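Listing of work.cif; format and content: mmCIF, C-alpha atoms.
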data_query
#
loop_
_atom_site.label_atom_id
_atom_site.label_comp_id
_atom_site.auth_asym_id
_atom_site.auth_seq_id
_atom_site.Cartn_x
_atom_site.Cartn_y
_atom_site.Cartn_z
CA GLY A 13 96.68 158.60 35.93
CA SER A 14 95.74 155.33 37.61
CA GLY A 15 99.14 153.83 36.81
CA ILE A 16 101.03 156.45 38.82
CA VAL A 17 98.71 156.36 41.84
CA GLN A 18 98.97 152.57 41.67
CA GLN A 19 102.76 152.71 41.46
CA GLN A 20 102.81 155.00 44.50
CA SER A 21 100.80 152.41 46.42
CA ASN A 22 103.35 149.76 45.35
CA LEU A 23 106.31 151.83 46.55
CA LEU A 24 104.66 152.76 49.86
CA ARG A 25 103.92 149.12 50.64
CA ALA A 26 107.50 148.21 49.78
CA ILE A 27 108.96 150.78 52.18
CA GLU A 28 106.56 149.66 54.93
CA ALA A 29 107.69 146.05 54.45
CA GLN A 30 111.31 147.22 54.37
CA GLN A 31 110.72 149.09 57.64
CA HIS A 32 109.65 145.78 59.19
CA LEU A 33 112.87 144.17 57.98
CA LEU A 34 114.83 147.07 59.45
CA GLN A 35 113.16 146.57 62.82
CA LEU A 36 114.02 142.86 62.74
CA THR A 37 117.63 143.71 61.91
CA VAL A 38 117.74 146.22 64.77
CA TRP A 39 116.29 143.57 67.09
CA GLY A 40 118.89 141.14 65.78
CA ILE A 41 121.88 143.29 66.67
CA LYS A 42 120.38 144.27 70.05
CA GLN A 43 119.91 140.57 70.86
CA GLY A 44 123.32 139.60 69.48
CA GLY A 45 121.54 137.40 66.96
CA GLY A 46 118.16 135.85 66.26
CA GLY A 47 116.63 132.40 66.53
CA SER A 48 114.68 130.46 63.91
CA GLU A 49 111.60 132.65 64.45
CA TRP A 50 113.70 135.73 63.69
CA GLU A 51 114.85 134.03 60.47
CA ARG A 52 111.28 133.03 59.65
CA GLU A 53 110.01 136.61 59.87
CA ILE A 54 112.99 137.92 57.89
CA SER A 55 112.18 135.38 55.17
CA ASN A 56 108.47 136.24 55.18
CA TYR A 57 109.03 139.98 54.79
CA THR A 58 111.76 139.44 52.21
CA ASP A 59 109.27 137.46 50.12
CA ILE A 60 106.68 140.24 50.41
CA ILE A 61 109.27 142.86 49.42
CA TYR A 62 110.46 140.98 46.34
CA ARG A 63 106.88 140.53 45.14
CA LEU A 64 106.25 144.25 45.62
CA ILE A 65 109.47 145.13 43.82
CA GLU A 66 108.55 142.83 40.94
CA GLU A 67 105.07 144.33 40.68
CA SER A 68 106.56 147.84 40.81
CA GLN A 69 109.00 147.07 38.01
CA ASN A 70 106.11 145.79 35.90
CA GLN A 71 104.00 148.85 36.67
CA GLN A 72 106.98 151.09 35.90
CA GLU A 73 107.27 149.54 32.43
CA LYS A 74 103.55 150.08 31.74
CA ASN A 75 103.70 153.70 32.95
CA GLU A 76 106.66 154.42 30.66
CA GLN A 77 104.87 152.90 27.67
CA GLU A 78 101.81 155.05 28.38
CA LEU A 79 104.09 158.08 28.69
CA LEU A 80 105.78 157.26 25.37
CA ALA A 81 102.42 156.88 23.63
CA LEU A 82 101.04 160.07 25.17
CA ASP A 83 104.22 161.95 24.27
CA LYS A 84 103.98 160.73 20.69
CA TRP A 85 100.28 161.61 20.47
CA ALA A 86 101.00 165.11 21.76
CA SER A 87 103.94 165.65 19.40
CA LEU A 88 101.75 164.76 16.42
CA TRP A 89 99.08 167.24 17.49
CA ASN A 90 102.02 169.65 17.66
CA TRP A 91 103.15 169.35 14.04
CA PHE A 92 99.56 169.23 12.75
CA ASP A 93 99.05 172.63 14.39
CA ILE A 94 100.86 174.71 11.76
CA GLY B 13 98.51 166.83 40.43
CA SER B 14 99.72 168.28 43.72
CA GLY B 15 98.76 165.12 45.59
CA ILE B 16 101.13 162.93 43.57
CA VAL B 17 104.08 165.33 43.73
CA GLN B 18 103.40 165.61 47.46
CA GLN B 19 103.24 161.84 47.85
CA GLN B 20 106.57 161.55 46.03
CA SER B 21 108.10 163.98 48.52
CA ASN B 22 106.69 161.81 51.35
CA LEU B 23 108.20 158.61 49.92
CA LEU B 24 111.59 160.21 49.21
CA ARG B 25 111.86 161.50 52.78
CA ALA B 26 110.91 158.06 54.08
CA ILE B 27 113.66 156.32 52.11
CA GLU B 28 116.20 158.94 53.22
CA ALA B 29 115.24 158.33 56.86
CA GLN B 30 115.36 154.58 56.23
CA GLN B 31 118.85 154.99 54.76
CA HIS B 32 119.92 156.57 58.05
CA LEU B 33 118.53 153.59 59.95
CA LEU B 34 120.41 151.27 57.59
CA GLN B 35 123.66 153.10 58.29
CA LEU B 36 123.08 152.79 62.04
CA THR B 37 122.41 149.07 61.63
CA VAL B 38 125.59 148.68 59.57
CA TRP B 39 127.51 150.57 62.27
CA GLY B 40 125.90 148.31 64.85
CA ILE B 41 127.11 145.07 63.31
CA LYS B 42 130.57 146.51 62.59
CA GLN B 43 130.86 147.54 66.25
CA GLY B 44 129.40 144.27 67.52
CA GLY B 45 126.58 146.27 69.07
CA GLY B 46 125.64 149.82 70.00
CA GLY B 47 125.41 151.84 73.19
CA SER B 48 122.53 153.97 74.45
CA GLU B 49 123.33 156.71 71.91
CA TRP B 50 123.03 154.17 69.11
CA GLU B 51 119.62 153.18 70.51
CA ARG B 52 118.63 156.83 70.85
CA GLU B 53 119.33 157.57 67.18
CA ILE B 54 117.58 154.38 66.07
CA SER B 55 114.53 155.46 68.07
CA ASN B 56 114.61 159.01 66.68
CA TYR B 57 114.76 157.90 63.05
CA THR B 58 112.16 155.20 63.64
CA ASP B 59 109.78 157.89 64.93
CA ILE B 60 110.43 160.04 61.86
CA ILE B 61 109.84 157.08 59.54
CA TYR B 62 106.54 156.08 61.14
CA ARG B 63 105.25 159.65 60.89
CA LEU B 64 106.23 159.75 57.21
CA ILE B 65 104.61 156.38 56.59
CA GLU B 66 101.42 157.53 58.32
CA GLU B 67 101.34 160.75 56.30
CA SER B 68 101.97 158.77 53.10
CA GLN B 69 99.11 156.38 53.83
CA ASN B 70 96.82 159.36 54.38
CA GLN B 71 97.98 161.03 51.17
CA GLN B 72 97.56 157.74 49.31
CA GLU B 73 93.91 157.57 50.40
CA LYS B 74 93.26 161.14 49.23
CA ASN B 75 94.96 160.51 45.87
CA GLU B 76 92.82 157.41 45.29
CA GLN B 77 89.63 159.31 46.11
CA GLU B 78 90.60 162.04 43.66
CA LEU B 79 91.35 159.35 41.06
CA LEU B 80 87.97 157.70 41.67
CA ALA B 81 86.16 161.03 41.31
CA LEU B 82 88.11 161.98 38.19
CA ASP B 83 87.51 158.53 36.69
CA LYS B 84 83.79 158.83 37.37
CA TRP B 85 83.65 162.36 35.93
CA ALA B 86 85.43 161.18 32.79
CA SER B 87 83.20 158.12 32.38
CA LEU B 88 80.10 160.33 32.52
CA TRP B 89 81.48 162.63 29.83
CA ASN B 90 82.00 159.38 27.94
CA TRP B 91 78.38 158.20 27.91
CA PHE B 92 77.06 161.72 27.32
CA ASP B 93 79.14 161.79 24.13
CA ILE B 94 76.85 159.62 22.01
CA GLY C 13 104.13 163.96 33.25
CA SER C 14 107.60 162.65 32.45
CA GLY C 15 109.01 164.12 35.66
CA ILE C 16 106.73 162.04 37.88
CA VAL C 17 107.24 158.77 35.99
CA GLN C 18 110.97 159.52 36.11
CA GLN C 19 110.84 160.23 39.84
CA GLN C 20 109.02 156.93 40.37
CA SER C 21 111.85 155.14 38.56
CA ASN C 22 114.33 156.93 40.85
CA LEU C 23 112.50 155.86 44.01
CA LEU C 24 112.05 152.26 42.85
CA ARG C 25 115.76 151.91 42.12
CA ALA C 26 116.57 153.39 45.52
CA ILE C 27 114.40 150.87 47.37
CA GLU C 28 115.89 148.00 45.33
CA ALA C 29 119.39 149.15 46.28
CA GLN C 30 118.26 149.56 49.88
CA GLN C 31 116.90 146.00 49.80
CA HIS C 32 120.39 144.82 48.85
CA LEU C 33 121.84 146.68 51.82
CA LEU C 34 119.21 145.09 54.05
CA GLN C 35 120.18 141.63 52.83
CA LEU C 36 123.84 142.37 53.56
CA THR C 37 122.92 143.56 57.05
CA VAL C 38 120.86 140.40 57.63
CA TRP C 39 123.81 138.32 56.42
CA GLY C 40 126.04 140.31 58.74
CA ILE C 41 124.08 139.54 61.89
CA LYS C 42 123.60 135.88 60.89
CA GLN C 43 127.37 135.56 60.42
CA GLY C 44 128.16 137.52 63.59
CA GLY C 45 129.95 140.06 61.41
CA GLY C 46 131.34 140.51 57.92
CA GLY C 47 134.78 140.54 56.34
CA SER C 48 136.29 143.11 53.99
CA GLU C 49 134.17 141.84 51.09
CA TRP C 50 131.03 142.43 53.15
CA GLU C 51 132.25 145.99 53.81
CA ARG C 52 133.08 146.45 50.13
CA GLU C 53 129.56 145.53 49.02
CA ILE C 54 128.00 147.69 51.73
CA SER C 55 130.10 150.61 50.49
CA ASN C 56 129.21 149.97 46.84
CA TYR C 57 125.47 149.88 47.46
CA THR C 58 125.65 152.86 49.80
CA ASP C 59 127.27 154.86 46.99
CA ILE C 60 124.54 153.81 44.55
CA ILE C 61 121.83 154.76 47.06
CA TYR C 62 123.24 158.22 47.76
CA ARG C 63 123.47 158.97 44.04
CA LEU C 64 119.85 157.87 43.59
CA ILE C 65 118.75 159.95 46.57
CA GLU C 66 120.60 162.98 45.21
CA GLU C 67 119.04 162.53 41.76
CA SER C 68 115.60 162.10 43.36
CA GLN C 69 115.97 165.30 45.39
CA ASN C 70 116.90 167.14 42.20
CA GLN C 71 113.96 165.65 40.30
CA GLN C 72 111.66 166.49 43.22
CA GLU C 73 112.68 170.16 42.99
CA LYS C 74 112.00 170.25 39.23
CA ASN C 75 108.60 168.56 39.65
CA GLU C 76 107.58 171.10 42.29
CA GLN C 77 108.63 174.00 40.07
CA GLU C 78 106.58 172.58 37.20
CA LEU C 79 103.65 172.15 39.60
CA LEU C 80 103.99 175.75 40.80
CA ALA C 81 104.08 177.04 37.22
CA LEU C 82 101.13 174.88 36.16
CA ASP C 83 99.17 175.93 39.25
CA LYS C 84 99.85 179.59 38.49
CA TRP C 85 98.91 179.17 34.83
CA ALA C 86 95.64 177.49 35.82
CA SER C 87 94.79 180.13 38.43
CA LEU C 88 95.21 182.87 35.83
CA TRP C 89 92.88 181.09 33.41
CA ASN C 90 90.56 180.99 36.42
CA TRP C 91 90.33 184.74 37.03
CA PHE C 92 90.22 185.52 33.30
CA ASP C 93 87.09 183.35 33.12
CA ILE C 94 84.67 185.87 34.62
#
Show how you would write the structure in this file as structure tokens.
Amino acid sequence: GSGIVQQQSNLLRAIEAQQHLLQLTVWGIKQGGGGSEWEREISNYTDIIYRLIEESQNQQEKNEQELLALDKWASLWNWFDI
Amino acid sequence: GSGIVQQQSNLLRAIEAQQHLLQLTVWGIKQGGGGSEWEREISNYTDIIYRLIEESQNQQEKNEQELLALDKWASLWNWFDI
Amino acid sequence: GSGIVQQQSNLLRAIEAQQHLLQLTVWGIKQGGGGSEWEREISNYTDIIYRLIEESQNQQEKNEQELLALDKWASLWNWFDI
């Protein structure tokens, strides 16, 4: 239960960070390009996003393991019920 | 249960809206810039995305509260079982 | 249970693909535009993203049906408990 709520937090944060990147990209095309500061912010948000993606992949793996274990536990209590 | 399925709907809609922004940004660079209509659509989708992000943050908070309450309820039925 | 973990996988993959598009768009503005290869990669990732979005919409519908059924089942075992 905690793993899924946690994973949803991970995804939400990722899309918020990605929205910031989108804004910077929109700014970039409006301005016909961006200076070093523009590149700095792009880099900063990119770093944040990759960390969130990495953490989400890790959490995804743990959630699937828990699912597999729960599924197996339930399928045993299925056969034993006959 | 409903809170998580609901939150997944929120996130999905957000990424769909963000995909539209991405397309507009791709169009923008291909065209070497965009007119007022391009800016209008960017603005419209940005508004949609921020509303979805806000709603998702709110839903996230409610899901975590429910988790905390459920966790506490379960941990009490843990101690009482001895 | 599987439907939500599965849907989280769908969303994660979508945001990863969308991150690749973002990078290409950033590259595009830095370079003042992109060649045919740039357009090819944009197209490829766009295709991936739309397939993931489609699959996520489908999974969302199934999750909501399961929720509706579970909710109904629980509300019947509510009335019958009096």
Which residues are close to residue 24 of chain A, i.e. within 8 Å by all atoms listed in the file, leaving aside same-chain residues fewer than 2 positions away? Reply as JSON, numbers by chain. {"A": [20, 21, 22, 26, 27, 28], "B": [23, 65, 68, 69]}
Convert the output of the PyMOL selection byres ((chain B and resi 39-54) around 7) on the shown file into explicit residues, formatted as a ChimeraX atom specification. /A:41-42 /B:33,35-38,55-58 /C:40-41,45
Using C-alpha atoms, can you write the selected residues to a file as a tab-separated table (two decimals), in the coordinates of the input?
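Contents of selection_15.tsv, as written:
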chain	number	residue	atom	x	y	z
A	41	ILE	CA	121.88	143.29	66.67
A	42	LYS	CA	120.38	144.27	70.05
B	33	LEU	CA	118.53	153.59	59.95
B	35	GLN	CA	123.66	153.10	58.29
B	36	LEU	CA	123.08	152.79	62.04
B	37	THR	CA	122.41	149.07	61.63
B	38	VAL	CA	125.59	148.68	59.57
B	55	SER	CA	114.53	155.46	68.07
B	56	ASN	CA	114.61	159.01	66.68
B	57	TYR	CA	114.76	157.90	63.05
B	58	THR	CA	112.16	155.20	63.64
C	40	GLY	CA	126.04	140.31	58.74
C	41	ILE	CA	124.08	139.54	61.89
C	45	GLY	CA	129.95	140.06	61.41
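Going from atom CA of residue 86 of chain A over to atom CA of residue 15 of chain C, you cover 16.1 Å.
Shortest atom-to-atom contact with chain B among C:72, C:25, C:32, C:88: C:72, counting all atoms listed in the file.
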In Å, how far is it from atom CA of residue 84 of chain C to atom CA of residue 90 of chain B?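 Going from atom CA of residue 84 of chain C over to atom CA of residue 90 of chain B, I get 29.0 Å.
Interatomic distance, atom CA of residue 13 of chain C to atom CA of residue 78 of chain C: 9.8 Å.
Excluding residue 76 of chain B itself and same-chain residues fewer than 3 positions from it, the residues having an atom within 10 Å of it are residues 14, 17, 18 and 21 of chain A; 15, 71, 72, 73, 79, 80, 81 and 82 of chain B, counting all atoms listed in the file.
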Can you write just those residues out, C-alpha atoms, as a PDB file, keeping the file's coordinate frame?
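out.pdb written:
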ATOM      1  CA  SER A  14      95.740 155.330  37.610  1.00  0.00           C
ATOM      2  CA  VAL A  17      98.710 156.360  41.840  1.00  0.00           C
ATOM      3  CA  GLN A  18      98.970 152.570  41.670  1.00  0.00           C
ATOM      4  CA  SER A  21     100.800 152.410  46.420  1.00  0.00           C
TER       5      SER A  21
ATOM      6  CA  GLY B  15      98.760 165.120  45.590  1.00  0.00           C
ATOM      7  CA  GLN B  71      97.980 161.030  51.170  1.00  0.00           C
ATOM      8  CA  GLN B  72      97.560 157.740  49.310  1.00  0.00           C
ATOM      9  CA  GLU B  73      93.910 157.570  50.400  1.00  0.00           C
ATOM     10  CA  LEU B  79      91.350 159.350  41.060  1.00  0.00           C
ATOM     11  CA  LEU B  80      87.970 157.700  41.670  1.00  0.00           C
ATOM     12  CA  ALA B  81      86.160 161.030  41.310  1.00  0.00           C
ATOM     13  CA  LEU B  82      88.110 161.980  38.190  1.00  0.00           C
TER      14      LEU B  82
END
